[PDB]
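If you read the sequence shown in the authors' numbering, its first letter stands for residue 76, the second for the next number, and so on.
Ideal Cβ placement from N, Cα and C applies to all residues, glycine included.
Written below as structure tokens is the structure these notes are about.
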Amino acid sequence: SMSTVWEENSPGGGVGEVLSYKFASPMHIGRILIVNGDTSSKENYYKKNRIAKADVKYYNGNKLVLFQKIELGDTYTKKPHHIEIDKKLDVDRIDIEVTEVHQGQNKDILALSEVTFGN
């Protein structure tokens, strides 16, 4: 369905960039899944770039309809994360802004499997 893992603007793993997507027509949304890097080991996390925090929002369809932020608070990982949205409205405007990353030693590592959007 989707093409390319992510859009490489120029910095390491698109650090600080704004992941903006444009809509062709309305679509219903339920939940989003996000996997952080290859997820090999925590020692690897220190040597790898992590999203850390990210603010995602859905606009249009009726002005501001959805708005929420995400955080990892540090913890063991391996399977893709999963955010739960109210699942009861179809609009599409996607704004996902990452504010910073932790350590980010390698600068531009492996491109995550891909974040999923929908139900």
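Quick check on DSSP: helix, strand or coil for residue i?
i	result
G87	helix
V176	coil
For residue i and residue j, I'd like the C-alpha separation in whole angstroms.
i	j	result
residue 275	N194	Shown here, the chain extends from 76 to 194; a query on residue 275 therefore has no answer.
residue 225	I169	Only positions 76 to 194 of the chain appear in this structure, which leaves residue 225 out of reach.
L185	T191	17 Å
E92	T152	24 Å
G112	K123	8 Å
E175	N84	15 Å
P101	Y133	11 Å
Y96	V131	12 Å
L139	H157	22 Å
From the DSSP secondary-structure annotation, give me the bridge partner or partners of residue i.
i	result
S95	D170
Along the chain, where does the beta strand (DSSP E) that runs through residue i open and close?
i	result
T79	From DSSP, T79 is part of no beta strand (DSSP E); its letter is neither H nor E.
Could you name each continuous alpha helix (DSSP H) segment of 4 residues or more that falls completely within the region 98-170, going from the start of the chain to the end? Runs of the alpha helix (DSSP H) lying entirely within the region 98-170, each at least 4 residues long, are 117-121 in chain order.
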